[PDB]
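Reviewing the structure listed below.
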Amino acid sequence: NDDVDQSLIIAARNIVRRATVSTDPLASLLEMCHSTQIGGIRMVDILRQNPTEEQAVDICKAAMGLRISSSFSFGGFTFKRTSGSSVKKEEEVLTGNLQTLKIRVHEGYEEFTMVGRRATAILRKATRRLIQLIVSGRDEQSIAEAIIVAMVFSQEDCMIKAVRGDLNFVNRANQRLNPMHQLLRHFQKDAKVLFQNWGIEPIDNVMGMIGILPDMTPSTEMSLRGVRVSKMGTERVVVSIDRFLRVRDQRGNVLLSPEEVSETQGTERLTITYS
Ligand SMILES: C[C@@H]1CC[C@H](C)[C@H](Nc2nc(-c3c[nH]c4c(F)cc(F)cc34)ncc2F)[C@H]1C(=O)O
């Protein structure tokens, strides 16, 4: 099965990337899936009978009415809300480069798990407030990637004020990214100002936990505010899909879009063919 999964992910990612530049991505994706075989089996037959939950695969599943994980993706991390709730309120904010953004601010206490390939975390937040991030990962760089995502997701003003360029990122089709993705793409390029402005704090000696400093080095004495490093680290639902491959749950939350599909290329172990 792991080898079916590997080839299915490659096929689905290639299809989503190609579809995104078409005038009608949903129609393009459906035609490509209909015409693709993996190991000589119709891709649609694999999608119906394969439990993989990767972002591109789940976009393809949604397009043909299959149930998918209720979790969402941000920065490539799968987020599962484990406690709490939030309501959205539009607010206008001013970045550190004097650009205004209209952001859907989430109001309420929430806890999430974040699962990525190289790091995992527990994130506890309230309105525009990161409370705790307990993160585990393969190295300090992988941990830093999760921290950046969590700091942007928190919607904190100090993150908004750490922006140092204009935000005009677009997708493959030259469509402007939404504000949360604008902020994320900015800080993925360079997080030094974000990390230097976030704040540090002293930590207590807790077995299995350590701090991480703005320079991404470990410390037993201090850490980025709210952040601790640990050595320790889903229901399927009906979703909707639209022309531009935005996948929403029944309550309208945007679980997936092409912006959350990895750019990683790979070489399939089962032949992918196209008729
Ligand atoms: C990816 C887009 C940007 C961020 C994520 C991916 C959005 N999707 C969802 N966000 C939430 C959510 C809960 N609490 C939040 C918070 F405190 C801050 C925040 F930014 C989002 C949330 N819950 C379910 C979702 F499906 C997508 C969008 O809305 O465009």
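Each reported figure results from applying straightforward, stated rules to the coordinates on display, with no laboratory input. When we count neighbours, we look across all protein chains shown, and the Cβ atoms used for this are built from the backbone with ideal geometry, even at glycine.
Under the combined filter of DSSP loop state and at most 16 neighbouring Cβ atoms within 10 Å, segment 57-137 retains these trypsin sites (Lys or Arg not before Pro): 67, 117, 118. Every Cα-Cα pair of segment 100-195 was included, and the share exceeding 23 Å stands at 26 percent. Ordering 217, 123, 43 by Cα displacement along the dipole of the chain toward the positive end leaves 43 in first place; charges were set at the Cβ atoms of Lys, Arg (+1) and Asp, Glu (-1). Taking the fewest neighbouring Cβ atoms within 10 Å as the starting point, the ordered list for 109, 274 is 274, 109.
The shape of segment 23-134 can be summarised by an equivalent ellipsoid whose semi-axes, obtained from the alpha carbon gyration tensor, come to 35, 19, 13 Å from longest to shortest. Placing +1 on the Cβ of every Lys and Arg and -1 on the Cβ of every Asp and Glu, with nothing else charged, gives segment 124-275 a dipole about its Cα centre of roughly 480 debye.
Which residues among segment 80-106 fall inside the zone where the amide N is under 12 Å from a point 7 Å beyond the Cα of residue 164, along Cα→Cβ? In segment 80-106, the label zone of residue 164 (backbone N under 12 Å from the point 7 Å along Cα→Cβ) covers 97.
Shape annotation for the chain: C-alpha extents along the principal axes are 60, 42, 31 Å, from largest to smallest.
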